[PDB]
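Inside the fold
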Number of protein chains: 2
Amino acid sequence: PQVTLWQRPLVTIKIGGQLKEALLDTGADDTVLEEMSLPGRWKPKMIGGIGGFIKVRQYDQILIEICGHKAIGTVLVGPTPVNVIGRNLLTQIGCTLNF
Amino acid sequence: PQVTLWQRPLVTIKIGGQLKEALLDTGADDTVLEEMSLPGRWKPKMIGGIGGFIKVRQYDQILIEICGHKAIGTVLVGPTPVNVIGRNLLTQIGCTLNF
Ligand SMILES: O=C(Nc1nccs1)c1cccc(CN2C(=O)N(Cc3cccc(C(=O)Nc4nccs4)c3)[C@H](Cc3ccccc3)[C@H](O)[C@@H](O)[C@H]2Cc2ccccc2)c1
């Protein structure tokens, strides 16, 4: 649906059978979520942001439902203070930016 | 225009009579710019990111032209690695997310 930016653009996600809210984040290449137990194997990796870098675990091929749409892809879990949905999944749910 | 998110959503800005590219960033509450020269009064301020916190300088009521649209707002300059325009300017430019 359409969202204005007077408030942070927060949605519900279900991931790993857990419900969370998350930020839709156009500045973010990748999705990164607070620490969480997902099933499966994961590769260690690192991402940079404002402030510097953090090490995260990368899980691939996980199902997430963001609003009502499902999408599969790579999700980083790690020490972020907010759950962010980056452009990798944003593209799958058909999200555009408009002005 | 409408932007899809297969690429970083980069826009040209003119600020302080300098030309820069910046990312349109829905997850950023504030706009923050790499170190560059602005005239006038600033204040210290600290922001949070993934990775950590950075010490930044708050300048108020700077005019920015963002994709040619004008806005006047607080911009933070400082050690970001990428120039970010955040929700405080995005709302003035009339920017919306659609899915
Ligand atoms: O893919 C990624 N990294 C990779 N590296 C290598 C390969 S992939 C990646 C994925 C998600 C996020 C980011 C890193 N990231 C952030 O650090 N911030 C902090 C931010 C940015 C701008 C402003 C604020 C802000 O207003 N903070 C405030 N503090 C106090 C008041 S306001 C905060 C927020 C998200 C956020 C909001 C609140 C709290 C914490 C974070 C942005 O919205 C994100 O797009 C992005 C911006 C960015 C992108 C690249 C380099 C530097 C910065 C990177």
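Quick look at the structure, then.

Basis of the calculations
- All residue numbers are counted from 1 along each chain's written sequence and may depart from the entry's numbering; residues that have no coordinates are not represented.
- For naming, the first written chain is A and the first written ligand is 1, with later ones following in the order written.
- Heavy atoms throughout the structure, all of them, feed into the side-chain values; hydrogens and water do not.
- Criterion for a salt bridge: a side-chain nitrogen of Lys or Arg within 4 Å of a carboxyl oxygen of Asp or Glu.
- By the criteria applied, helices consist of DSSP H or I runs no shorter than four residues and strands consist of E runs no shorter than two, each listed in order from the N terminus.
- Accessible area is worked out with a 1.4 Å probe on protein chains only. A residue is then buried under 20% of its type maximum, exposed over 50%, and partly exposed in between.
- Summary of the distance rule: residues count as near a molecule or strand when at least one heavy atom falls within 4 Å of that molecule or strand.
- Definition of a polar contact: a pair of N or O atoms within 3.5 Å, with one able to donate and the other able to accept a hydrogen when the atoms are protein atoms, and with sequence-neighbouring residues admitted only if both atoms are side-chain atoms.
- For every accessible area listed, the method is Shrake-Rupley and the probe measures 1.4 Å; residues are considered covered only by the protein chains on display.

Thoughts on the pattern of salt bridges
Residue and element names in this part refer to chain B.
- Per the counting criterion, the structure on display carries 11 salt bridges over all chains.
- Two residues, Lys-14 and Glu-65, come together in a salt bridge whose shortest N-O distance is 3.4 Å. With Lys-14 in strand β2 (residues 10-15) and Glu-65 in strand β6 (residues 53-66), the pair connects residues that are 51 residues apart, well separated along the chain.
- Put simply, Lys-43 and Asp-60 hold a salt bridge, and the shortest N to O gap is 3.6 Å. Taken as a pair, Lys-43 in strand β5 (residues 43-48) and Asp-60 in strand β6 lie far apart in primary sequence, 17 residues in all.
- Taking the relative accessible area as the measure of exposure, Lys-43 reaches 40% and is therefore partly exposed.

Some details on the site of the ligand
- Around the ligand, a shell composed of 28 residues is seen, among which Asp25(A), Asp25(B), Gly27(B), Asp30(B) and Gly48(B) lie nearest.
- Site remark: the ligand is flanked by residues from chains A and B.
- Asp30(A) has a polar backbone atom sitting 3.2 Å from an oxygen atom of the ligand.
- A distance of 3.4 Å separates an oxygen atom of the ligand from a polar backbone atom of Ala28(B).
- Relative to its free-state accessible area of 980 Å², the ligand is covered by the protein chains to the extent of 84%.
- Only β5 (43-49) of chain A together with β5 of chain B provide two or more residues apiece to the shell around the ligand.
- At three residues, β5(A) tops the list of elements feeding residues into the shell around the ligand.

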